[PDB]
Amino acid sequence: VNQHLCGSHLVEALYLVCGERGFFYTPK
Amino acid sequence: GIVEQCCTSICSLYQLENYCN
Ligand SMILES: COC(=O)c1ccc(O)cc1
Ligand SMILES: [Cl-]
Ligand SMILES: [Zn+2]
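Just so you know, the sequences run in chain order B and A. Adding 1 to a residue's 1-based position in the first sequence gives its number in PDB author numbering. Just so you know, PDB author numbering puts 7 at position 7 of the second sequence, and the rest follows in order with no gaps.
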């Protein structure tokens, strides 16, 4: 499945879940 | 890491919390 299109959804998911704690997103 | 697990299969909020800071 496309990982870049999927990656676009995960960063929004992580934004909601992590809230104030933030996160690091490394595509590789 | 999050790529393979949350893209091929649907990850819950519980699984996604593991990638937070
Ligand atoms: C907004 O929720 C998502 O887009 C999502 C994408 C992949 C997942 O594994 C989980 C949630
Ligand atoms: Cl898509
Ligand atoms: Zn999409």
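All C-beta atoms in this analysis are idealised placements derived from N, C-alpha and C, irrespective of residue type, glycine included.
| Check | Outcome |
| --- | --- |
| Rounded separation between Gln4 (chain B) and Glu21 (chain B) - CA only | 25 Å |
| Whether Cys7 (chain A) touches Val18 (chain B) by CB criterion (8 Å) | no |
| Residue-level contact to chain B via CB, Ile2 (chain A), 8 Å cutoff | yes |
| Beta-bridge pairing of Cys20 (chain A) - partner residues as DSSP gives them | B:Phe24 |
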